[PDB]
Structures are given as C-alpha cells and as structure tokens.
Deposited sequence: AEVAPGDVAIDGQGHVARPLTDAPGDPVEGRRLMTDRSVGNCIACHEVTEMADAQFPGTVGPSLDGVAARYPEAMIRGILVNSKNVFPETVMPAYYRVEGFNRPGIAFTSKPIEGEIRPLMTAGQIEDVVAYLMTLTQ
C-alpha cells in the first residue's frame, strides 16, 4: 500500500510527516538508488562522503539527518519546491505540470499517464539511507 502522488499529506513548510508506504525503507537499496544515474542520480549535485566525483550544485548531505527532521527530508524528496521554492533540485514524487516531458532521454513525448521519477518505495529507501547520515 503506497500513498499515490495525488494523495500525499504535506504541511505548510512542505514537511511530510508519515511514510509514503508501509514497506520499511531499506537503506542499502537507498544508497544504491542515489548513485544510480537512471533513478536518483543525486550525486550529480550532492556530495556524501560516507559513500566518486560528486557535484557541488547542492549542499553536502553529510550530517543532514543531524540537522533536519525526517518529515522535512521526506518533504524535500516528494516535491523539493514545497521546501525550497524555485530550487533546481527535481521533484521526485510529482506527476503533473511538466513542460515537454520526455520518455527518459529518448526525446519522445510521454503520452498518457506520467509516472514519478521515483516510486513511493524508492523514496522511503532513500529516506532511510539519508537518516543514517548523522
């Protein structure tokens, strides 16, 4: 049972207080997703020293779990723009509003239902990984 994109409960700081799925997050798969260039590709922008050639567009995520609560970290992943308005970080659980979205990198138009960049389960896995970063 996953909370679908339409249904997520977001407060006014953009925090998301409950998990997006009832499946427990696996931080080992989280770690894998973050450096998977096809899914998270988070290292394009973020350094995590716990974990090559990270970008500098985003802040180092070392210590992120010491500084932000889980609800805020989950909120950043559902729709970063709710937490950091006008951020360049992608919205990983959004399925509406895109201009000219394409099917991965194939340049072909997505026709019909748009799937989110990550699944609820993939998000809870990354969140579980990020929570190890104290």
Quiz item: Unmodelled stretches of the deposited sequence, numbered from 1?
Solution: 52 to 54, 138
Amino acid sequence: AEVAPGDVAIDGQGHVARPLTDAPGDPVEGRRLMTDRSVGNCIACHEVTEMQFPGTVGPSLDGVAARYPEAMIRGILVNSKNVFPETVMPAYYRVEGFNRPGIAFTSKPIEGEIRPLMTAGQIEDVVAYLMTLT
From here on, numbers count along this sequence of modelled residues.
Practice problem: Output the stretch having the higher mean C-alpha B factor in the entry; the candidates are 116 to 124 and 16 to 24. | Solution: 16 to 24
Exercise. Quick one: say whether 59 to 67 or 99 to 107 has the higher mean Cα B-factor in the deposited entry.
Key: 59 to 67
Quiz item: Going by the entry, which of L33, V78, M51, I43 has the most elevated CA B factor?
Solution: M51
Quiz item: Among the chain's modelled residues, which third holds the C-alpha B-factor of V39?
Solution: highest
